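Before any comments, here is the structure.
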Amino acid sequence: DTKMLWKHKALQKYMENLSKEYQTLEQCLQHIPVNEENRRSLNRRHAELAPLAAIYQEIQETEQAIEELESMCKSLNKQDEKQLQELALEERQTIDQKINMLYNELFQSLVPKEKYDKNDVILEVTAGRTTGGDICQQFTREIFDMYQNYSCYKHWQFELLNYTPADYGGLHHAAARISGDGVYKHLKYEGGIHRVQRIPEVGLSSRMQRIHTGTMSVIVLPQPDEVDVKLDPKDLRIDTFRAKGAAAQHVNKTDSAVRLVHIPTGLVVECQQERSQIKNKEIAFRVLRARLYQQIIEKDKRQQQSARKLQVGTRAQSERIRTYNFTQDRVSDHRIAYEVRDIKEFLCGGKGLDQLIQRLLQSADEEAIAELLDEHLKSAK
Amino acid sequence: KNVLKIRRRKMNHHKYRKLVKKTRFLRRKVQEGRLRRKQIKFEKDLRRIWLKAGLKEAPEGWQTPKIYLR
RNA sequence: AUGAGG
RNA sequence: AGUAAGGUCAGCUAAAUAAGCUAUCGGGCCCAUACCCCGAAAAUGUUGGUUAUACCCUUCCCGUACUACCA
RNA sequence: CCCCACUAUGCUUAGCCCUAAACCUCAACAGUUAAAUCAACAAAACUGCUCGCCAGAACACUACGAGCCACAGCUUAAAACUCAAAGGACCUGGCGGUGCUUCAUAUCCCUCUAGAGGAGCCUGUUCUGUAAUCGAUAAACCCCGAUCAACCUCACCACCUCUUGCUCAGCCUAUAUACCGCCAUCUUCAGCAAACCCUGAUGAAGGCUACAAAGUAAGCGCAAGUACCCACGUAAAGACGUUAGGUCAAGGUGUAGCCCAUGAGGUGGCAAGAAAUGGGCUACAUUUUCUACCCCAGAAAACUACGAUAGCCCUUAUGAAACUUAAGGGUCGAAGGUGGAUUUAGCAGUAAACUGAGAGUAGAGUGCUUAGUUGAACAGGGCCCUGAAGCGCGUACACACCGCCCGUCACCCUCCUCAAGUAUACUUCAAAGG
RNA sequence: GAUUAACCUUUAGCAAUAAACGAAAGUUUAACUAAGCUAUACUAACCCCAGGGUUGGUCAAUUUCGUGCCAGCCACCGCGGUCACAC
RNA sequence: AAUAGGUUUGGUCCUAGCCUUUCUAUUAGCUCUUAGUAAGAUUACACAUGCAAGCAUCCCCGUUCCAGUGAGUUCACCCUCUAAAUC
Ligand code: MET
Ligand SMILES: [K+]
Ligand SMILES: [K+]
Ligand SMILES: [K+]
Ligand SMILES: [K+]
Ligand SMILES: [K+]
Ligand SMILES: [K+]
Ligand SMILES: [K+]
Ligand SMILES: [K+]
Ligand SMILES: [K+]
Ligand SMILES: [K+]
Ligand SMILES: [K+]
Ligand SMILES: [Mg+2]
Ligand SMILES: [Mg+2]
Ligand SMILES: [Mg+2]
Ligand SMILES: [Mg+2]
Ligand SMILES: [Mg+2]
Ligand SMILES: [Mg+2]
Ligand SMILES: [Mg+2]
Ligand SMILES: [Mg+2]
Ligand SMILES: [Mg+2]
Ligand SMILES: [Mg+2]
Ligand SMILES: [Mg+2]
Ligand SMILES: [Mg+2]
Ligand SMILES: [Mg+2]
Ligand SMILES: [Mg+2]
Ligand SMILES: [Mg+2]
Ligand SMILES: [Mg+2]
Ligand SMILES: [Mg+2]
Ligand SMILES: [Mg+2]
Ligand SMILES: [Mg+2]
Ligand SMILES: [Mg+2]
Ligand SMILES: [Mg+2]
Ligand SMILES: [Mg+2]
Ligand SMILES: [Mg+2]
Ligand SMILES: [Mg+2]
Ligand SMILES: [Mg+2]
Ligand SMILES: [Mg+2]
Ligand SMILES: [Mg+2]
Ligand SMILES: [Mg+2]
Ligand SMILES: [Mg+2]
Ligand SMILES: [Mg+2]
Ligand SMILES: [Mg+2]
Ligand SMILES: [Mg+2]
Ligand SMILES: [Mg+2]
Ligand SMILES: [Mg+2]
Ligand SMILES: [Mg+2]
Ligand SMILES: [Mg+2]
Ligand SMILES: [Mg+2]
Ligand SMILES: [Mg+2]
Ligand SMILES: [Mg+2]
Ligand SMILES: [Mg+2]
Ligand SMILES: [Mg+2]
Ligand SMILES: [Mg+2]
Ligand SMILES: [Mg+2]
Ligand SMILES: [Mg+2]
Ligand SMILES: [Mg+2]
Ligand SMILES: [Mg+2]
Ligand SMILES: [Mg+2]
Ligand SMILES: [Mg+2]
Ligand SMILES: [Mg+2]
Ligand SMILES: [Mg+2]
Ligand SMILES: [Mg+2]
Ligand SMILES: [Mg+2]
Ligand SMILES: [Mg+2]
Ligand SMILES: [Mg+2]
Ligand SMILES: [Mg+2]
Ligand SMILES: [Mg+2]
Ligand SMILES: [Mg+2]
Ligand SMILES: [Mg+2]
Ligand SMILES: [Mg+2]
Ligand SMILES: [Mg+2]
Ligand SMILES: [Mg+2]
Ligand SMILES: [Mg+2]
Ligand SMILES: [Mg+2]
Ligand SMILES: [Mg+2]
Ligand SMILES: [Mg+2]
Ligand SMILES: [Mg+2]
Ligand SMILES: [Mg+2]
Ligand SMILES: [Mg+2]
Ligand SMILES: [Mg+2]
Ligand SMILES: [Mg+2]
Ligand SMILES: [Mg+2]
Ligand SMILES: [Mg+2]
Ligand SMILES: [Mg+2]
């Protein structure tokens, strides 16, 4: 439980450091004259540590009451213990319920947030090539239907993009778009390779009633935004120079060629095909707009690629996240060691599937807390 | 006996001929380069003979022929 | 014409 | 910057009774799939005007095409 | 691949090219038929002597070097990386768009009779839908578990309630891929096989000739008996095995899981149709429709005909409960005008048509089981098509043709080669001369 | 010191032997002799003191759990997919 | 390659490779009690410091030996002839 995690010395030592740091900031802001630039940094740090210190102080007060409650019981007399101990137990249970919430509240506060909370997801499912028959392709159809039904359960809009059926009533590859609130947060853990172990019943592989292992790949990606290019004239440097080529005396005195340099990007576009500078300028703008249109597309794609590279995270592209064992009627998630019964209900994408995702969120938050304490352990030493 | 051994050589030979046909001009230039170096190396070997024997130049009336030609 | 996987 | 010309079943063409083929759906054939067989469904870029409409004109839009020369 | 037209080429002269499954894959000469003849197969086994050649597979009839009238060539011929096999010859089985021969009797084709696929309705299933079962789900699922669901059944759903609980607990929770039980299927088959003997040089394996040549065989199945109306027919029977065939939901049980519940009780609710489909029923009528009759009749006979067992309304039966189940009446008179590709069944009291009864229920099916009546047509050819048997042939299949397997593109990895230029490093000079 | 998978003391004596020198008594010698360090090897011993590897077959030898084609093992053949003599 | 063994396949027979089993030497892991003896940088890469050749009536002699290394490499052995050296 969460109580054992708080009992670990690493968390207790780190929480004391924050409390000491929180008190140190308060003293500096009140007695020591601080520069305006440095005062704001302390205020922001003090504000960030304010919810952490307040919860920690409540936890300390909660723990002290437990010691006081136990100390009072030890001094009681057996002639009047029966009535008072019953009241003491009720108070202790009430405090223990409160201290668990404080542990939960403190644990949740340490957890940071995610950039892609609400961005739409373009989900893709592909039948992995791992064994003979259509088991891999037949299983892909079930998974694709599970996500489609799960969208309805969460009231999410499911827009079909690509759908290539197999030759035996299965799916080779399918792509779809899901829109809603918190789509990426719930569906980010679903990316990976799924394993299915079942005896075929319907399909080409049903000719041999022997257990077969199949795999398929699920790809979860966020949806980007539109690409609109607006060229501010302040960021554009316009240079006029004489053109090159055999054009008699007109070129020698008229600066027809136009060179456009985009200061933020450094791209240089030159046009001299037309005789008139104005005619060249519009075309040179058009080439610059098209070239910078690709740059913004490259800008958008590169930003998304580097959005999560900063965070230390695993490459969730090829890994056996879950195992679907129809033989024993148990869906096992190896990441969190969570097993779900009634696979038939599980594949319906309803209450059962949501519980597994909720367990993933609960376990992932617990892992995030542990990493921060280990990260703060090195800084404390 | 089955022709399994012959079939393997049949496919290897067939793919080799298509590969040769596909890049017969690339190999032509490589062969051209090697023939020029072959003649130069041959000329060096003859040149070493008279230099090591004390002759400053080749014997009068002598000229190394281009043996590698068409 | 094609099909077989633990 | 000018001018020409094209916009038609999902797709591609033919005709302006808006058809054929593929695709598509349903059935049969086959242990199954495909081929195959039977049957069904499916469209005039858009605007307005052309007795009234369509193949026309025209409004608008997408794409295509040629020209932009001499000192 | 088949057909037609035509060129290089096949011919001649001269000069090239120097390859082949250039293989009789079996070296030249001199011998032998004796011993141990001899892995197998093929074309019996060896001696003397000499020459050529070979040392795991693949890379490789390749790279580089070299030689060549060769220049997309030939000859000679590697290495790194990779694999634990590759290969030769067989055994048995399967399979063959494999040969010959003989056949199939509701059966393969031709043929024979009535149907299905079209319509309405009834009833299943797939999909979709719903808070709302499960199983069957090519032949061998689809009026299937059900000789049956308004409540109950019930295992499902929502809500509520109980905790040593009807049980010296329980679970219709998972696993039919642990099983018993009871079956499907080849089977509309005739084979399976203990214990011995023999053959192949004492190998996987094989075992027959009747004017007979190594087979003998308990047991099982077929057969024989028995049931029904005969000795006929129909039932029944139908081995070993095949499909990890069906059934943890008849029951029981192995393993694993649940025990404030994945268990138990009560209330209410679910069972629908966008669409598609299987089976069946009733029809599209004149060999019919209605009535009388149970076979000498009178009418009807196209928008008031034929045709709903559907809809609506009413009544009645059962029940505590009926818009829901059934029967009856009224009203209504729809689609349907003999059905596309395709497909099922039947060899005689059979098909077809018609009429009863029974199982099960309080009631409830156009379903299932069963008795009786009227009562046919074709049955002759053929091996063309499909399949079976006998004797052969082939086989790179053995998970056994639903087998196996080949190459390009795309994908990833390793190693190597080639390559303009450049850089770095190494080697050589005096072993000479004035 | 660097480098490499490779890692011995910044001791003692000319007493023995060998070498150099002298006629000789003798002298010099990191040669050598006698020690120091180290399971590399051999031999021997020890009241108390034993570790390392392996245990599917080849090939001597596994109980109970955990794990569930995952983590991992193997010289060759291979084992691991919720009854593992192979982790 | 032996007294051999495992492994090609549905299976047999033949051929064949790879591997196992035996004996040493280094290095690594883990582990380590004594005594005696034997042996001992990976590198022809760079080296702080000390020492390793003196003797002796002066001249001579010795320091060309011993010790070390394995870079290079058919100068090593037999025969003929014949310096130096010892007697
Ligand atoms: C422009 O080019 C005009 N001056 C002509 C020059 S050549 C005669
Ligand atoms: K055979
Ligand atoms: K019909
Ligand atoms: K029907
Ligand atoms: K009820
Ligand atoms: K059970
Ligand atoms: K196979
Ligand atoms: K001495
Ligand atoms: K050691
Ligand atoms: K061997
Ligand atoms: K002296
Ligand atoms: K050396
Ligand atoms: Mg099964
Ligand atoms: Mg043959
Ligand atoms: Mg090849
Ligand atoms: Mg294909
Ligand atoms: Mg179709
Ligand atoms: Mg000719
Ligand atoms: Mg010939
Ligand atoms: Mg030959
Ligand atoms: Mg000869
Ligand atoms: Mg002869
Ligand atoms: Mg023989
Ligand atoms: Mg050749
Ligand atoms: Mg060649
Ligand atoms: Mg070479
Ligand atoms: Mg060459
Ligand atoms: Mg030759
Ligand atoms: Mg056959
Ligand atoms: Mg046959
Ligand atoms: Mg029949
Ligand atoms: Mg019908
Ligand atoms: Mg079940
Ligand atoms: Mg059902
Ligand atoms: Mg099922
Ligand atoms: Mg029913
Ligand atoms: Mg009910
Ligand atoms: Mg229950
Ligand atoms: Mg039970
Ligand atoms: Mg079974
Ligand atoms: Mg089943
Ligand atoms: Mg014998
Ligand atoms: Mg036998
Ligand atoms: Mg018998
Ligand atoms: Mg009889
Ligand atoms: Mg029977
Ligand atoms: Mg019988
Ligand atoms: Mg079946
Ligand atoms: Mg049971
Ligand atoms: Mg049970
Ligand atoms: Mg049990
Ligand atoms: Mg319950
Ligand atoms: Mg209940
Ligand atoms: Mg039926
Ligand atoms: Mg009637
Ligand atoms: Mg009625
Ligand atoms: Mg009543
Ligand atoms: Mg009624
Ligand atoms: Mg009427
Ligand atoms: Mg017809
Ligand atoms: Mg009845
Ligand atoms: Mg009754
Ligand atoms: Mg019914
Ligand atoms: Mg095939
Ligand atoms: Mg590509
Ligand atoms: Mg090179
Ligand atoms: Mg050492
Ligand atoms: Mg002395
Ligand atoms: Mg010593
Ligand atoms: Mg081990
Ligand atoms: Mg292997
Ligand atoms: Mg275990
Ligand atoms: Mg072992
Ligand atoms: Mg172990
Ligand atoms: Mg052997
Ligand atoms: Mg082999
Ligand atoms: Mg074989
Ligand atoms: Mg094997
Ligand atoms: Mg076997
Ligand atoms: Mg060998
Ligand atoms: Mg000294
Ligand atoms: Mg020496
Ligand atoms: Mg030394
Ligand atoms: Mg060396
Ligand atoms: Mg002399």
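Below is a table of values for the structure above.
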quantity: Crossing angle, helix A:81-110 versus chain A [Cα axis fit, 0-90 degrees, rounded to tens]; calculated: 10 degrees
quantity: Cα shape, the protein assembly as shown, gyration tensor, a/c 1.5 rule; calculated: prolate
quantity: Net dipole in debye of the protein assembly as shown [+1 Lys, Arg Cβ; -1 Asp, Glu Cβ; about Cα centre; nearest 20]; calculated: 7020 debye
quantity: 15 Å reach of a label modelled at A:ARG275, 7 Å along Cα-to-Cβ, counting backbone N of the stretch A:219-260; calculated: A:243, A:246-257
quantity: Order by protection proxy (mean Cβ within 10 Å, highest first), peptides A:157-168, A:347-358; calculated: A:347-358, A:157-168
quantity: Unit charges on C-beta of K, R, D, E only; dipole of the stretch A:110-159, Debye; calculated: 180 debye
quantity: Sites B:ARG34 and A:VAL227, calculated FRET efficiency, Cβ-Cβ separation with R0 60 Å, nearest 0.05; calculated: 0.65
quantity: Along principal axes, Cα extents of the stretch A:39-107, largest first, whole Å; calculated: 61, 20, 11
quantity: The stretch B:24-37 - phi-based ³J(HN,Hα) in whole Hz, Karplus 6.51/-1.76/1.60, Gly and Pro as x; calculated: 6, 7, 4, 5, 5, 5, 5, 4, 4, x, 5, 5, 5, 5
quantity: Cβ-derived FRET efficiency at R0 45 Å, A:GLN83 paired with A:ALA10, nearest 0.05; calculated: 0.60
quantity: GNM flexibility winner over chain A from A:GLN57, A:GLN272, A:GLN138 (Cα, springs under 10 Å); calculated: A:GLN272
quantity: Of A:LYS185/A:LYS344; A:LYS9/A:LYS309; A:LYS351/A:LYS378; A:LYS253/A:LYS299; B:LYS29/B:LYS66; A:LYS20/A:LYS74, those spanning more than 30 Å from alpha-carbon to alpha-carbon; calculated: A:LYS9/A:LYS309; A:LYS351/A:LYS378; A:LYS253/A:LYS299; A:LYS20/A:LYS74
quantity: Residue-span extension gain [A:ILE32 to A:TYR338] - 0.36 nm each, minus C-alpha spacing; calculated: 104.8 nm
quantity: Per-pair calculated FRET efficiency, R0 = 30 Å: A:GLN64 and A:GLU21 via Cβ, rounded to 0.05; calculated: 0.85
quantity: The stretch A:46-116: GluC sites (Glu not before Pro) falling in loop per DSSP and having at most 15 other Cβ within 10 Å; calculated: A:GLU114
quantity: Tilt relative to chain A, helix A:135-153 - C-alpha long axis, 0 to 90 degrees, to 10; calculated: 80 degrees
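No value in this document is a laboratory result; all are computed from the given coordinates. Neighbour counts run over all protein chains shown; Cβ positions are idealised from the backbone, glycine included.
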